[PDB]
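> got a sequence here, can you model it:
(2 chains)
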2 protein chains.
Amino acid sequence: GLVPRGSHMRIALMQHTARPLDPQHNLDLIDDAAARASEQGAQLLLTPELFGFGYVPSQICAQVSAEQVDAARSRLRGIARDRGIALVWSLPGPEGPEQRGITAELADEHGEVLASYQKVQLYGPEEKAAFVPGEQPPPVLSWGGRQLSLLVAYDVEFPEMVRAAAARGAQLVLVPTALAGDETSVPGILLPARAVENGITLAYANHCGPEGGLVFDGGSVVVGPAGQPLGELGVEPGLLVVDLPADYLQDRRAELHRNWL
Amino acid sequence: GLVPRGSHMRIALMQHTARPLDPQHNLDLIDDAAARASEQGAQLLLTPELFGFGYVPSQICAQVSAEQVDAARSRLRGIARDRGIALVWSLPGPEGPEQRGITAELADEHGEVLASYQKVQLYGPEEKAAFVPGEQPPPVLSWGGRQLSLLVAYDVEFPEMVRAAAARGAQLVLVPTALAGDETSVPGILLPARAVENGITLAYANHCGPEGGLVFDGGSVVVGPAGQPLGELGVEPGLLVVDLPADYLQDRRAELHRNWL
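Residues are numbered from 1 along each chain as shown, chains lettered A, B, ... in the order given. Coordinates below:
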């Protein structure tokens, strides 16, 4: 609807099916979603993990060059500027195929990259064969009146990774993902706890449908700090648009915890 | 029922209402529950936080001596031996009123104390005025064919504390608690995630009913490693008896995590 009285941030999540190794098709889908999110008055669009090349880790490592990644990244900065909306995307990193990770970056509505992050927790042997894990903690930055942070897919299933973002001040954690296998426990059990246990909001934007030998679950969702969904999709392509409205972070005995992991 | 084919551990959880500052009444309730759990073929009974004196932190600090704590502890070791069941209880620690914490201990069916733990995460200003926080990680020990560990109440709401027990090999974490205020998010949202995110089972034994100026929620529950309740109570006194039947713990990048808390 109209932008509500108590809200000054409206975000959108893209859920769709990518075609493996067809960046012109996948980036056309992101441009469509960016235009539709901006028409509905959203200020930022979150898109799924590795969407521009499809979630095909082995084929990205074998077939996608650094120059082809940079061409998709330049197109995505162009979509943020041309559709006038901040955009979170996820691509392979910028180094050669043997030295890069899976990344997420946030561009503002002018197309400039505000923050970049490399996935720290790679999932399974295909990702670990195709990508280097990140070694830096999640970034946190002010945008739109709140402190935003980035994580990618499997990262959010580790409470440590969401605690690392909330310890640096995050209030809204944006998470491109690629979750297949009818893995109901991740959005149904873990995301609500990551929100409650830090008092944050998380946005989780998945693929859906048949892609890359998998059928992805959809179920994109935004979870607020009480653990309840502010909005959620089912299994088909869609664009979710949501208006955002114990002191664990202080109480935690972090100097003992860090010795006990 | 009869002990089932695929199970060699049957545990019980006591949920009841304690009378503040009346250890003879509260310990008589624990002895009743120990006898009833043992009759139903349970091998261990978990009881709630501070049950022997009631959950009355300020009054425990002002009025309960070390000698009165030791008298209750000796009675509880006597109930484990005399009712022939392992028992997890929670009392103030053994030091003077100004130097002790809130503890949990496990005695075997011979009455001997196998493990002791002091609550690391104290909840609120009343507990922090009445007790010293613990400084050691949760213990883990073999009993009954599995690795058991102890945490107390607020501790389990910190993913770090449950991760510290599962990192030392815990499979079954036993948690005396005292949760009031219709705090549905703890058993409904956080406990299932603590089970899934470590692949463990957790048992959470609450007070219920009017005690100490609070009305406790009940809702005692055992959660298995898929996050689903193996058994659960409502708001009234009861004895829950349950038969017990991604590689996060390996995948976590603990050397990075410990720098980022």
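> hang on, isn't residue A:193 packed against residue A:226?
No. Between residue A:193 and residue A:226 there is no contact under CB atoms under 8 Å: 11.4 Å. C-betas here are computed from N, CA, C, even on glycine.
> so between the two, which is more surrounded?
residue A:193 (25 against 14; other CB atoms under 10 Å in any protein chain shown).
> buried ones in stretch A:6-15?
Neighbour counts over stretch A:6-15 (16 or more other CB atoms under 10 Å in any protein chain shown) mark A:9, A:10, A:11, A:12, A:13, A:14, A:15 as buried.
> and those near chain B, which?
Among the buried residues of stretch A:6-15, none lies close to chain B by the criterion of CB under 8 Å from any CB of the partner chain.
> any chance of the residues you listed in a markdown table, with secondary structure and distance to residue A:72 too?
Output for the buried residues of stretch A:6-15, formatted as a markdown table (DSSP: H, G, I helix; E, B strand; the rest coil; distance: CB to CB, whole Å):
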| residue | secondary structure | distance to residue A:72 |
| --- | --- | --- |
| A:9 | strand | 27 |
| A:10 | strand | 26 |
| A:11 | strand | 23 |
| A:12 | strand | 20 |
| A:13 | strand | 20 |
| A:14 | strand | 15 |
| A:15 | strand | 19 |
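> identify the farthest-apart pair in the residues you listed.
Within those, two members stand farthest from each other by CB to CB: A:9 and A:15, at 19.8 Å.
> return the distance of the host helix or strand of residue A:173 from the chain's centre.
Element membership for residue A:173, per DSSP states H and E: strand A:172-176. Centroid separation for strand A:172-176 versus its chain: 5 Å, with CA atoms, centre = their mean, to the nearest Å.
> packing partners for it?
Counting contacts by 3 or more CB pairs under 8 Å, 6 or more residues apart in numbering or on different chains; DSSP states H and E, strand A:172-176 packs against strand A:9-15, strand A:44-46, strand A:86-89, strand A:103-107, strand A:146-150, helix A:159-167, strand A:201-205.
> does the nearest residue to residue A:219 once chain neighbours are set aside sit in a helix, a strand or a coil?
Leaving aside its sequence neighbours, residue A:219 sits nearest to residue A:187 (CB to CB, 6 or more residues apart in numbering or on different chains; 5.0 Å). Using DSSP: H, G, I helix; E, B strand; the rest coil, the structure places residue A:187 in helix.
> how much space between residue A:187 and residue A:204?
Residue A:187 is 6 Å from residue A:204, where distance means CB to CB, to the nearest Å.
> what's the overlap in contacts for those two?
Here residue A:187 and residue A:204 have A:221, A:223 as joint contacts, going by CB atoms under 8 Å, 6 or more residues apart in numbering or on different chains.
> compare those two (neighbour count), which wins?
Shown here are residue A:187 and residue A:204; by other CB under 10 Å, residue A:204 has more neighbours (28 against 23).
> for the more buried one, give me its contacts.
By CB under 8 Å, 6+ apart, the neighbours of residue A:204 are A:13, A:156, A:175, A:177, A:187, A:191, A:220, A:221, A:222, A:223.
> which element is residue A:191 on?
Counting by DSSP H and E, residue A:191 is part of helix A:191-198.
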